[PDB]
Number of protein chains: 2
Amino acid sequence: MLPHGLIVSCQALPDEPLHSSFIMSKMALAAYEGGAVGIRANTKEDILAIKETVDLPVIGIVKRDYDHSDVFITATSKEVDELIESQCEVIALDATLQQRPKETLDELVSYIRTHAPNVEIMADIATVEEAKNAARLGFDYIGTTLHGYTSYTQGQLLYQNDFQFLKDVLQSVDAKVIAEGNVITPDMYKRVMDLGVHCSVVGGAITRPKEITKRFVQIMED
Amino acid sequence: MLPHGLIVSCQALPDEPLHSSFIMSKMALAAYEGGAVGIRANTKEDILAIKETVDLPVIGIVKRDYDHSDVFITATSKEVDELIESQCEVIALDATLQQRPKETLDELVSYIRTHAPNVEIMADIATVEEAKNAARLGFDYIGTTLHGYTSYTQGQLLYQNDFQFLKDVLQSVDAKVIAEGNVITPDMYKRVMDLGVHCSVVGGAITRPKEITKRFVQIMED
Ligand SMILES: *[C][C@](*)([N]C(*)(*)(C(*)(*)([O])C(*)(*)([O])C(*)(*)(*)([C]O(*)P([O])(=O)O*)O*)C(*)(*)(*)=O)=O*
Ligand SMILES: *[C][C@](*)([N][C]([C]=O)[C@@](*)([O])C(*)(*)([O])C(*)(*)(O*)[C](*)O(*)P(*)(*)(*)([O])(O*)=O*)=O*
Ligand SMILES: [Cl-]
Ligand SMILES: [Cl-]
Ligand SMILES: [Cl-]
Ligand SMILES: [Cl-]
């Protein structure tokens, strides 16, 4: 299971500066040396390289675009199969009811419980009712990952109104909740932990130097 | 010359997981894409790799320990020759009063002016005394890099007492002053720019994921 603490997302998609399974394994080692107690990573090859380098538990995804779908976080059984091969401890997937290329959300959950009974699953959601649906499906973790990143949650950000969206998710499910997406500062990490999340996932504030540089430069442009 | 803005320090010493000229070149590219105006980098190999990746001005150093000296930032003519071969725009050196392994600070300044007359020089200092000595020797930039990192500045940190050390350096020299070392947050960066520094160098807060991770974890331990 994932401990209570800081999970660091070590991702760099194609054309991002640090894109490389090797570089993400070194970002994961850096995060481990700083006190991370889990890693979130994208693709079997990045997961495998990270697991060569740290024993941390890993939340695995495969981000892969499909024609005729807006679902890109572990969209089909093809991505699930790669993640079962990677032997990541947790498989995370988009848990919205948007149109998928192949299997439905219920079919993917069933598929993982059948082909990988020892792996926990994490639901990446954007709404409270998507969080409630994920808890009913038996997800082990429910993450705020897609809040503001679907066409129906545009302009919304996790920290708005003293984390009101997160408070609503925490009130609506008894499953372990993960604060993920837009946990930008240590102050925000402390706030979401004090509100009662199981753990928090921090990517851009630790492992995306372009995004941290932008927050420095932006303080001078206001 | 160095513009007015954010210089990102893209360093990873041999003990650090991200040690690599390739990885530091990608840190510099990310920094460029986020709005950095320059890069600070360590060793000829890293500087050359960065200068093939971005057109930004580079502040070059060679960190190299010597027996019988506490000076480790560009300590001798050996390091200066490596930086002249690098073609970095600015050469930075320890500009403390500490005994060096070979040439004195005054001899190394004369050496650079003779053998690299088109390069600017930057003084890494620890004290107001050392800033005034650097202005005597004609340094183009004077940075606060070593403040708190010498046996005679123990417990001192740039941000203490609302940047009183930086205010004292700014009052004591006409040269271009660089806030470098323990500029940890965009709020600090804005404060030092508001106090009248020419530019600021930020390293650990952008390009050391272990150090950023530690600030997240520490918030929960306090
Ligand atoms: C919306 C989306 N997010 C993915 C990822 O790129 C994010 O970086 C992580 C971590 O969030 P930040 O805001 O801490 O970077 O969720 C999800 O893995 O595609
Ligand atoms: C005192 C010391 N500093 C080095 C100087 O180049 C760098 O490691 C340091 O990262 C750099 O000066 C920027 O400082 P911050 O504190 O932002 O990392 O060895
Ligand atoms: Cl980045
Ligand atoms: Cl800038
Ligand atoms: Cl080279
Ligand atoms: Cl690091």
# chains A, B, ... in the order shown; residues from 1 in each chain; ligands from 1
>>> closest_atom_pairs(of="chain B", to="ligand 4", cutoff="12 Å", atoms="only C-alpha atoms and all ligand atoms", output="tab-separated table")
residue	atom	partner	partner_atom_place_in_ligand_line	distance
B:2	CA	ligand 4	1 (Cl)	10.8
B:3	CA	ligand 4	1 (Cl)	8.4
B:4	CA	ligand 4	1 (Cl)	7.2
B:5	CA	ligand 4	1 (Cl)	3.9
B:6	CA	ligand 4	1 (Cl)	3.9
B:7	CA	ligand 4	1 (Cl)	6.9
B:8	CA	ligand 4	1 (Cl)	9.0
B:31	CA	ligand 4	1 (Cl)	9.3
B:32	CA	ligand 4	1 (Cl)	8.9
B:33	CA	ligand 4	1 (Cl)	10.5
B:34	CA	ligand 4	1 (Cl)	8.3
B:35	CA	ligand 4	1 (Cl)	5.0
B:36	CA	ligand 4	1 (Cl)	4.4
B:37	CA	ligand 4	1 (Cl)	4.9
B:38	CA	ligand 4	1 (Cl)	8.0
B:39	CA	ligand 4	1 (Cl)	10.7
B:56	CA	ligand 4	1 (Cl)	11.3
B:186	CA	ligand 4	1 (Cl)	11.4
B:189	CA	ligand 4	1 (Cl)	10.3
B:190	CA	ligand 4	1 (Cl)	11.1
B:193	CA	ligand 4	1 (Cl)	10.9
B:198	CA	ligand 4	1 (Cl)	11.4
B:199	CA	ligand 4	1 (Cl)	8.6
B:200	CA	ligand 4	1 (Cl)	8.9
B:201	CA	ligand 4	1 (Cl)	10.1
B:202	CA	ligand 4	1 (Cl)	10.8
>>> interface_residues(of="chain B", to="chain A", cutoff="6 Å", atoms="only C-alpha atoms", output="NGL selection string")
:B and (17-18 or 26 or 30-31 or 34 or 186 or 206 or 209-210 or 212-214 or 216)
>>> write_last_selection(atoms="C-alpha atoms", output="mmCIF file, in the first residue's frame")
data_model
loop_
_atom_site.group_PDB
_atom_site.id
_atom_site.type_symbol
_atom_site.label_atom_id
_atom_site.label_comp_id
_atom_site.auth_asym_id
_atom_site.auth_seq_id
_atom_site.Cartn_x
_atom_site.Cartn_y
_atom_site.Cartn_z
ATOM 1 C CA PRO B 17 21.944 11.425 -8.951
ATOM 2 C CA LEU B 18 21.486 13.993 -11.811
ATOM 3 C CA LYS B 26 18.225 19.645 -20.551
ATOM 4 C CA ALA B 30 13.826 23.797 -19.529
ATOM 5 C CA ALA B 31 15.089 26.944 -17.767
ATOM 6 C CA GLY B 34 10.489 28.939 -18.641
ATOM 7 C CA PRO B 186 9.620 33.476 -6.128
ATOM 8 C CA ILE B 206 14.605 24.817 -9.736
ATOM 9 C CA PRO B 209 14.661 17.833 -7.039
ATOM 10 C CA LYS B 210 16.200 16.344 -3.829
ATOM 11 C CA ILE B 212 12.766 20.729 -3.299
ATOM 12 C CA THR B 213 11.489 17.385 -2.055
ATOM 13 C CA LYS B 214 13.153 18.054 1.334
ATOM 14 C CA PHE B 216 7.936 19.587 1.015
#
>>> residues_near_ligand(ligand="ligand 5", cutoff="12 Å", atoms="only C-alpha atoms and all ligand atoms", output="number ranges by chain")
B: 20-22, 25, 43-52, 82, 85-87
>>> residues_around(residues="residue 176 of chain B", least_positions_apart="6", cutoff="10 Å", atoms="only C-alpha atoms", output="number ranges by chain")
B: 2, 122, 135, 139-143, 170, 196-199
>>> residues_near_ligand(ligand="ligand 1", cutoff="9 Å", atoms="only C-alpha atoms and all ligand atoms", output="number ranges by chain")
A: 8-13, 40-42, 61, 63, 72-73, 92, 124, 143-150, 180-184, 200-208, 211
>>> closest_residue(among="B:126, B:88, B:177, B:131", to="ligand 2", atoms="only C-alpha atoms and all ligand atoms")
B:126
>>> closest_residue(among="A:152, A:167, A:113, A:14", to="ligand 3", atoms="only C-alpha atoms and all ligand atoms")
A:14
>>> closest_residue(among="B:121, B:62, B:166, B:54", to="ligand 2", atoms="only C-alpha atoms and all ligand atoms")
B:62
>>> closest_residue(among="B:119, B:93, B:179, B:128", to="residue 74 of chain B", atoms="only C-alpha atoms")
B:93
>>> select_by_dssp(residues="segment 97-209 of chain B", states="alpha helix (DSSP H)", output="short mmCIF file (atom, residue, chain, number, x, y, z; two decimals) with C-alpha atoms, in the first residue's frame")
data_model
loop_
_atom_site.label_atom_id
_atom_site.label_comp_id
_atom_site.auth_asym_id
_atom_site.auth_seq_id
_atom_site.Cartn_x
_atom_site.Cartn_y
_atom_site.Cartn_z
CA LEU B 105 42.91 35.86 -6.38
CA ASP B 106 44.65 39.06 -7.58
CA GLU B 107 46.98 37.02 -9.90
CA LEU B 108 44.01 34.98 -11.32
CA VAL B 109 42.07 38.21 -12.12
CA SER B 110 45.15 39.59 -14.00
CA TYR B 111 45.46 36.12 -15.73
CA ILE B 112 41.82 36.23 -16.98
CA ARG B 113 42.10 39.89 -18.16
CA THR B 114 45.31 39.01 -20.12
CA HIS B 115 44.31 35.63 -21.64
CA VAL B 128 30.94 42.95 2.64
CA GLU B 129 34.78 43.16 3.00
CA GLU B 130 35.18 40.65 0.10
CA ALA B 131 32.62 42.54 -2.02
CA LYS B 132 34.69 45.76 -1.60
CA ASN B 133 37.91 43.85 -2.48
CA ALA B 134 36.17 42.49 -5.63
CA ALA B 135 35.20 46.04 -6.63
CA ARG B 136 38.92 47.06 -6.05
CA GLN B 160 18.05 36.83 7.24
CA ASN B 161 16.70 40.11 8.68
CA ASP B 162 14.91 40.96 5.38
CA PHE B 163 18.08 40.51 3.29
CA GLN B 164 20.21 42.86 5.49
CA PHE B 165 23.45 41.28 4.11
CA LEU B 166 22.37 42.00 0.50
CA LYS B 167 21.40 45.60 1.44
CA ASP B 168 24.92 46.09 2.96
CA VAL B 169 26.63 44.65 -0.17
CA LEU B 170 24.46 46.87 -2.46
CA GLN B 171 25.35 49.98 -0.32
CA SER B 172 29.11 49.22 -0.35
CA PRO B 186 9.62 33.48 -6.13
CA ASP B 187 8.82 35.84 -3.18
CA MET B 188 12.57 35.99 -2.31
CA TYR B 189 13.45 36.53 -6.03
CA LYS B 190 11.02 39.49 -6.17
CA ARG B 191 12.40 40.89 -2.86
CA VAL B 192 16.06 40.85 -4.04
CA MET B 193 15.13 42.34 -7.49
CA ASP B 194 13.14 45.08 -5.67
CA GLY B 204 18.36 24.35 -5.75
CA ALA B 205 14.77 25.65 -5.95
CA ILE B 206 14.60 24.82 -9.74
CA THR B 207 17.19 22.15 -10.66
CA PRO B 209 14.66 17.83 -7.04
#
>>> closest_residue(among="A:125, A:221, A:1, A:15", to="ligand 3", atoms="only C-alpha atoms and all ligand atoms")
A:15
